[PDB]
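What follows is a single chain, given as structure tokens, in the form deposited in one PDB entry.
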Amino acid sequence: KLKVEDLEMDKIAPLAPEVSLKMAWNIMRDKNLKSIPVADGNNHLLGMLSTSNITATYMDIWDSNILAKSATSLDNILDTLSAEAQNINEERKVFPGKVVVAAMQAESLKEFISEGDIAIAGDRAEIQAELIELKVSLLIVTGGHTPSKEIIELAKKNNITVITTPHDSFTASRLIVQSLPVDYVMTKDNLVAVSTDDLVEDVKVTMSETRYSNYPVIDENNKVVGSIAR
């Protein structure tokens, strides 16, 4: 009897779970993939990423602490904003608060911005200093202007991560969402894969139900070996 491993399959390089949506989307376009598997370091299938996932994330109610819940990393934020770090709290993995644009006056920031927040700000030293004083978990300086040495020093002392992006505040706000790791967004449950072990006749029965265009293929050990079209 003919098994799935006897079928020719599409080759498919899985995404790591920690890769940004930005990186993931660039890969999906580059290969013309509507969806792509996500796998761990041992190549075990973790989930699947598609533009259905990505759009739902963008269109559906934004959790305020989404960076925290996704455990979005600094490297993800830095690549996504084409940003450079002027100081890093190297003992922090996770940015716990909400993302806020520091559009206000310095004296007013207290009311909107609190400890652990991610603050997007411009090139005003006065504003930066106050955000540092408020213990934002992350200060994102927009406009491409790296803060003064004084500000950098204040941040070193307080262990505030400070980065600078060339993008203005509107664009940075749009971009930051694309920092999210794929594992936060992907389909995980009732992902339908097929095993190299499975009989084709049985797989026809399983494809009958589901209606998807593509199914990742796994081996005896749950490792991602490819995908096949219906």
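Numbering starts at 1 and follows the sequence shown. Only residues modelled in both forms are compared. Rigid core here is just the name for the largest C-alpha set that superposes within 1.5 Å across the two forms.
What comes next is about the form deposited in another entry, which does not appear here.
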| property | result |
| --- | --- |
| Answer among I176, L45, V182, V203 for the CA shift between the shown form and the other one that reaches 2 Å or more, rigid core superposed | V203 |
| Post core alignment: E18 C-alpha displaced by 2 Å or more between the shown form and the other one | no |
| Sequence-ordered runs, three or more residues, C-alpha shift 2 Å or more between the shown form and the other one, rigid core | 1-9, 195-205, 211-213, 219-222 |
